[PDB]
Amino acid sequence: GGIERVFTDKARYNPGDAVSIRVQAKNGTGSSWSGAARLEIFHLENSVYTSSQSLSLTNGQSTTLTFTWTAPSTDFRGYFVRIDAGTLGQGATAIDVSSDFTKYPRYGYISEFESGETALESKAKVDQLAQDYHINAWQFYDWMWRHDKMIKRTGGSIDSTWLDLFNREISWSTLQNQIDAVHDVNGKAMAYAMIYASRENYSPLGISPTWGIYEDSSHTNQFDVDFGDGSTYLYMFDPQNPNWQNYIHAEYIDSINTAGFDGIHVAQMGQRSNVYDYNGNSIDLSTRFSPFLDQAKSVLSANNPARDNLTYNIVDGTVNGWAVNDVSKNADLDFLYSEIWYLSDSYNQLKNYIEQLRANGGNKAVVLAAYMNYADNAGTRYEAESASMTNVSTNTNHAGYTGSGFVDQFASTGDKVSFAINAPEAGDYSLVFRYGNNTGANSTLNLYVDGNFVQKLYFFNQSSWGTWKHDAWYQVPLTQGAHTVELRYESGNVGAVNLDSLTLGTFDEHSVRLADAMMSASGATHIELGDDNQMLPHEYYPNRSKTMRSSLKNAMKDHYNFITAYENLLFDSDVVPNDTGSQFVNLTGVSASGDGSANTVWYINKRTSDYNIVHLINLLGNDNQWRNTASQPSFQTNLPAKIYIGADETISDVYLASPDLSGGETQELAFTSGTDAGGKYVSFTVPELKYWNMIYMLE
């Protein structure tokens, strides 16, 4: 249909605020049209509001309706929004009423701060994320000048621009425009800062090496982070040291009061061991973040209670992981955040780590960084040996290449490889080259798109000609249809590469839908969206080596509506596991599992004071890894389910909501309860399972 968009002005509302629901419509049906748009808002199974407006439209013409509504008085509630326009079509969105984003955070990011970005454009990228996904907080990533001197001043004046550690130009006015825009959607701005990093040559800033942490007991090698140009490093300091606290806390305060941030997103480099202080005592670094964090929270709350938000990145998250118990149990954080690497690879493992962080933290919110399809060179592939190459030829003499071979000796002026690609729809494309380089140095090549120079791309030296990487990419705007993408070796380029393929880097809808379901069904959200509708492909946020296509965009809008509409059932302080032995689940005709086994329908049991909640995630046709790409699941329809309950509980009604079905609208189901040789039960037909169903049953 032609209900093109439904969204609200703001990403979160306080009780009593005025909410402006917008419906964008275009009659596409051939002739003129006369009917109504009927608005209905639910809190879970209940209708709390209904309203209707007349609408008529000459074929082709568009309009935007506004329905007003007043956020009800109960704080911390989520709502589903339906708009039904009869034969024009329907649409949906969702609304979050919370006076504090820290209970139901929907965390995005901003990582680009160019001088050329107008106030209007800053506002647009922000509105888009607020409107489509209800993003209520933004992590400002790599905005600071130095990790130990965050705002660059000349005497007493703020410098209008400054260069960051990777040489990017950061504009003050742009950062401020973006912070303003975040604030205009009732968003909050969290500033990225390390817990313990200076930059090189820190002495003249009055930072003392006595505050540092060392790899020896003789204070000769301070832990660093080498960015590999003989010049740019981080150095690491002791969280517990009072003079480092004093120094860096002061920089956090400076950033709140000068930039107008609402909090600090505190980061770290993850596990280090056999760590010493300056003098030489050996110390367990794992236990030392919480006293820093507690003290940081204290000066931030004293400085300004409204701009004192605080989280800390727990790196390498897993059950009983490094620093996992101490930080989640003892650190005065508003919400928990954890970047996942390789110690929770299965849906069920990460599911358990999330549960640990919910239980340790006292059921305060949990956000995961968990870069989807990280290792995968996912998307449509144009093999390099099936392209048009000038002065270079194919070969097969280094293993692991894809297809029938790869292009080699791409190594001198005049060499060329031109790909004939097709863009299935207008938009941004991630042009990703898989390559080899063992020249012992960076190899370059110039990139041309439809005959116009776009960028000189670097190809990184690897260990061995048999080590394929695919981290040479550039993102570009493309019109639907044919295009030409050409690497030329010209005069100014250096080195040499073998070239395996070009890929239109694309997040895989299927994996992405399934991981988000798993995450939120478990009790967590996912920092995955930012800047101008980008999805996060790597720890360095300005990476655009993969793009979303339109189909996944729509799925993400459904998902983010669903986790806002149903947040009381997903993340409330009284949502807990209910997997305590008394509850099996039966599904007729398909394999089911409670531990998220490959090729099954996974059921997860959670409960609250009033509802028995069973999630189904559909792993049929797919493996049990959360991060990797995946095929469409085996969709199911009219699927008999049987839920064994507690011997005591009594089910009034059975409800099923799914982001995959009607935008997340709750549909009530008919169910018969009896009892049999192997438990007391209830039973019903599940109309459909695609990726994720949430069954909530009211007792």
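Start at 1 with the first residue shown and count on from there.
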item	value
Entry-level comparison of average CA B-factors, 207-215 and 142-150, reporting the higher stretch	207-215
Between the two ranges 591-599 and 246-254, the one averaging a larger CA B factor in the entry	591-599
Options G321, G505, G280, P305 - largest CA temperature factor per the record	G280
Largest Cα B-factor, entry values, listed residues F562, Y133, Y109, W468	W468
Ranked against its chain, the third holding the CA B-factor of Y691	middle
Third of the chain's Cα B-factor distribution that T637 belongs to, per the entry	highest
Record-listed C-alpha B factor of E121: chain third	middle
Ranked against its chain, the third holding the CA B-factor of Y202	lowest
Chain-wide C-alpha B factor ranking for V48, given as lowest, middle or highest third	lowest
